[PDB]
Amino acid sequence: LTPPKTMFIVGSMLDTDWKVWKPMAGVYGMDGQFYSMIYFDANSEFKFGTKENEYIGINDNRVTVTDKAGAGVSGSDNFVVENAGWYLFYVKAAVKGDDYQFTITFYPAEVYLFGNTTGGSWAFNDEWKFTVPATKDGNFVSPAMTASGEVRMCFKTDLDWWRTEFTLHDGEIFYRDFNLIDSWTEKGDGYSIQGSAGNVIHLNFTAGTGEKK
């Protein structure tokens, strides 16, 4: 048994009839770890699984929940999220003997611009944090860039920043899935957003799309 290669979340906040099984992005270089930026309504109810149609709930004795976001997570069968908000839903699925051990973490919605367009910030600095929208269909909005170069964007977790980084590719959010050393152009030029002073990024994480203005 090795760690799972896929992970999905299903629940009321994605579709009121639980028809949407949202695939999670793999954390780069960390087998069995996954992340997804999701809006949870107040009292949302959900489960997750390693494959579509597999339901794992909060009762499962393989599951531990860590709240680092003030989400408020309880329940009998379904996970229940008390406080409405955007959260980074994070799953670590390790192997323990012949079974999985799952650690579910709720991180706060902290998205950052990194790199040359910020004048060289490669640190978590709230000057470069995106503004968070109030609603499920809203946009995260970056501060204005102050210099030219390739955009880098990421979520904040406990790991190195670039384990959970992403870009835009023809207007779609694309999560890093390779050993990116220096530039997105190592995958292709259409992955590299060239920013200039005054440009702004807008991201719609429910639709999976974004733009540079």
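Quick note: we count residues from 1 along the sequence shown, nothing fancier.
Should the higher mean CA B-factor in the entry be assigned to 188-196 or to 13-21?
Taking the mean B-factor of the alpha carbons in each, 13-21 is higher.
For the C-alpha atoms alone, is the average B factor greater in 27-35 or in 53-61, going by the entry?
Higher of the two, by average CA B-factor, is 53-61.
Reading the B-factor column of the entry, which of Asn83, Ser142, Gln101, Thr105 has the highest value at its C-alpha atom?
Highest C-alpha B-factor among the listed options: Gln101.
Comparing recorded Cα B-factors across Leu88, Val95, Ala71, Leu113, which one is largest?
When the deposited C-alpha B-factors of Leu88, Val95, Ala71, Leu113 are compared, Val95 is largest.
Consider only the C-alpha atoms of the modelled residues in this chain, order them by B-factor as the entry records it, and name the third containing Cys154: lowest, middle or highest.
For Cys154, the deposited C-alpha B-factor lands in the lowest third.
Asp182's Cα B-factor: lowest, middle or highest third of the chain?
As the PDB entry reports it, the C-alpha B-factor of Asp182 lands in the middle third of its chain.
Select lowest, middle or highest to describe the third in which the CA B-factor of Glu165 falls within its chain in this entry.
Lowest third - that is where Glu165 ends up once the chain's C-alpha B-factors are sorted.
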